[PDB]
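A quick write-up on the structure given underneath.
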Amino acid sequence: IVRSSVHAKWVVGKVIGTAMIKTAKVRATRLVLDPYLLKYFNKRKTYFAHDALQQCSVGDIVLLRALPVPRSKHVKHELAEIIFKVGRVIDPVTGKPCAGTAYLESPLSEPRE
Amino acid sequence: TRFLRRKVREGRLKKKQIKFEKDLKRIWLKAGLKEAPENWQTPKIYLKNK
Amino acid sequence: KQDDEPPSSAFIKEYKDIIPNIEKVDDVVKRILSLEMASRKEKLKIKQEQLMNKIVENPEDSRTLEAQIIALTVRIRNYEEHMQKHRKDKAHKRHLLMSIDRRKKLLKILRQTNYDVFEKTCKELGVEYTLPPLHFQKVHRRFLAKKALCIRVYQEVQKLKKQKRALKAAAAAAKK
RNA sequence: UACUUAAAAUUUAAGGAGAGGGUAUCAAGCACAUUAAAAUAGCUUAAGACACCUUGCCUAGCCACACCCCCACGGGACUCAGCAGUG
RNA sequence: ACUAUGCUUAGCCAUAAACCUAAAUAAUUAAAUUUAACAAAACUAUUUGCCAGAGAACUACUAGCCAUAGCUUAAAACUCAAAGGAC
RNA sequence: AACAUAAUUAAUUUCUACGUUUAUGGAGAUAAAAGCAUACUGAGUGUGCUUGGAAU
Ligand SMILES: [K+]
Ligand SMILES: [Mg+2]
Ligand SMILES: [Mg+2]
Ligand SMILES: [Mg+2]
Ligand SMILES: [Mg+2]
Ligand SMILES: [Mg+2]
Ligand SMILES: [Mg+2]
Ligand SMILES: [Mg+2]
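Protein chains in written order, with full-length UniProt numbering: chain U, 3 to 115; chain Y, 151 to 200; chain R, 62 to 237.
Written out as structure tokens, the structure reads:
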């Protein structure tokens, strides 16, 4: 069960497109230090990921796992998890639905629905 | 010398059209077609069409 | 058009809930306070209220994104009727295009925060939302003509490949 | 080199966290994508694609070339860009 | 004296010292701060656009455009030690 | 284009033959009330606009 060669064993990014069959185009960003300014800026990379169930929507944050064997020229990752669904975020700290900086369901309540 | 400028303008636009036509022929010939796509006629875009 | 247009017999929004309580009111008084003797602005306050009830969970609140989007759909449809008679009004043509752009911006923020509300709002208001294209495409006669040929050339090449595959498979099948 | 099998030196191939010359009067490239019943219409690009121009760089050293034809079956202007010499 | 024209209704042209010559925002009036001078007291933060001596040059060429002397975009050779601003 | 021989130590042959770039009028030396845009003619005038004119 040897792991991939690619350095990016785990990459987080935003689903910027979903028009290919069973594939999601994901834009990841990393911080790179400008040598002259000594300030960090965003260098963004595009990753094709295998979305087996076509469960991804544009704008949602996702976690990708490096595939052991490249599926195709560009598809070298799979969809591990959908960290945040677009507009359907669930607060990790409390576990309650939220819509921005607000709770759709109060954490004091226990709906269990 | 405006007369020459109009003459230069009409001859410059004619070369501009031939370059456009030739660039379109390169594409289909490279793709492997021996004739341009059926029902295709390169549009004349630099002539006095308006 | 839209499914609902307020009737002429409807009362204005100020007295919509007051006249019903009053025991008996004359036909003339009802006609003075109806939408027949009111400005177009009054008829639009009734259209908006109907949409807020039919879409928003809490029609009392008008500061939600869904409510603001409903406020802009009434204005947008109003400007469109205005511009159908005043074909050369350039100030309201700017008002129409700026409200459309404002609604698209709000629908984007709504989609990113409450997707469930977003889906109902678009379905009820009949508004189609198209996502912003990642890359801007330039447009001019030379580009549109070259881009059309490239699509045509590709399609022909793929059609030839499909025909070759069918002929190749057919020959193999006969041999078998 | 030891064992008749395990430590090295040295390479090759496939890749990618990041970094890496110029011109934007080079603004579009034109198959550059995915799926794997072979369908879908996608892929790269103002966060600079494509095009063209110039340049050995990474310096205990490394890369490229070895008369020319990028190569060298073949062809041709038919060999010192080994040391020393000559025009 | 009289015309194009200024007017109207349908199409096109996309230019002004289109300048308040002040980009747009949120600050503060103290930093013992005329921080050149004249304008309009000064200064800080944020985001984008733009500038890099002068003439050559609101030019040449390229590209876009109901424009065809136009409009927008915009060099090089060249030549100099100035050009320029307020008083 | 690519078969077959052999085989009481084992081997043999096959393993082909188009297009694209470079090149042979204008602007610069030695001196031998105003303006901006635009139209017409020729700087004159027209229309709008600016004060970087003026006016108690
Ligand atoms: K060589
Ligand atoms: Mg030699
Ligand atoms: Mg060689
Ligand atoms: Mg020698
Ligand atoms: Mg030798
Ligand atoms: Mg007249
Ligand atoms: Mg040029
Ligand atoms: Mg003005």
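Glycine included, C-beta positions come from ideal geometry on N, C-alpha and C.
Please report the straight-line C-alpha distance between Y:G161 and U:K87, rounded to a whole angstrom.
Y:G161 and U:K87 have their alpha carbons spaced roughly 59 Å apart.
Hey, does U:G102 have any beta-carbon neighbour from chain R nearer than 8 Å?
True, the Cβ-Cβ gap to chain R drops below 8 Å.
Check whether the Cβ of R:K222 lies closer than 8 Å to any Cβ atom in chain Y.
Against chain Y, the CB of R:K222 has no partner CB under 8 Å away; the residue lies outside that interface.
May I ask you to report which of helix, strand or coil DSSP gives R:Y140?
In the structure shown, R:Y140 sits in a helix (DSSP, three-state: H, G or I).
Using a Cβ cut-off of 7 Å, pull out every chain R residue sitting near U:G61, in sequence order please.
What U:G61 touches in chain R: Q173.
Would you list, in chain order, the members of the region 163-197 of chain R that have their beta-carbon closer than 7 Å to a beta-carbon of chain U?
Taking 7 Å as the Cβ-Cβ cut-off against chain U, the residues of the region 163-197 of chain R that qualify are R172, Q173, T174, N175, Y176, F179, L192, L195.
Could you check how far apart the C-beta atoms of R:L168 and R:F179 are, in whole angstroms? I think they sit under 8 Å.
Confirmed, Cβ separation roughly 7 Å.
Under the three-state DSSP convention, the category Y:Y196 falls into:
Here Y:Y196 sits in coil by DSSP.
Check each candidate in U:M22, U:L69, U:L39, U:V95 and name the one with the smallest Cα separation from U:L81.
Among U:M22, U:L69, U:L39, U:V95, the Cα nearest to that of U:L81 belongs to U:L69.
Can you find a C-beta in chain R that's less than 8 Å from the C-beta of Y:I177?
For Y:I177, the nearest CB of chain R lies under 8 Å from its own CB, placing it at the interface with that chain.
For chain Y, check one thing: does any of its Cβ atoms lie closer than 8 Å to the Cβ of R:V218?
Yes, because at least one Cβ of chain Y sits closer than 8 Å to the Cβ of R:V218.
How would you list, in chain order, the residues of chain Y whose beta-carbon sits under 8 Å from the beta-carbon of R:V214?
Annotation: Cβ neighbours of R:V214 in chain Y (cutoff 8 Å, chain order): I177, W178, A181, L183, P187.
Buried or exposed: where does U:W12 fall if 16 or more other Cβ atoms within 10 Å of its Cβ makes it buried?
So U:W12 ends up on the exposed side.
Amino acids of chain Y, ordered along the chain, whose beta-carbon sits closer than 9 Å to that of R:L210:
The CB of R:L210 comes closer than 9 Å to the CB of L174, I177, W178, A186, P187, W190, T192 in chain Y, given here in chain order.
Can you confirm whether Y:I195, when its beta carbon is compared against all beta carbons of chain R, has any partner nearer than 8 Å?
True, the Cβ-Cβ gap to chain R drops below 8 Å.
Nearest to U:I3 (by Cα), restricted to the options U:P94, U:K45, U:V71
The residue from U:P94, U:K45, U:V71 with its alpha-carbon nearest to that of U:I3 is U:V71.
For the alpha helix (DSSP H) that R:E185 lies in, which residues bound it at each end?
Following the DSSP letters along the chain, one finds R:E185 inside the alpha helix (DSSP H) bounded by residues 176-186.
Quick one, which of R:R213, R:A227, R:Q219 has its alpha-carbon nearest Y:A186's?
If we check each option's Cα against that of Y:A186, R:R213 comes out closest.
What are the residues that DSSP puts in a beta bridge with U:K27?
In DSSP, U:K27 forms a bridge with U:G19, U:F50.
With a threshold of 8 Å between beta-carbons, can R:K74 be considered close to chain Y, or not?
R:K74 does not count as touching chain Y.
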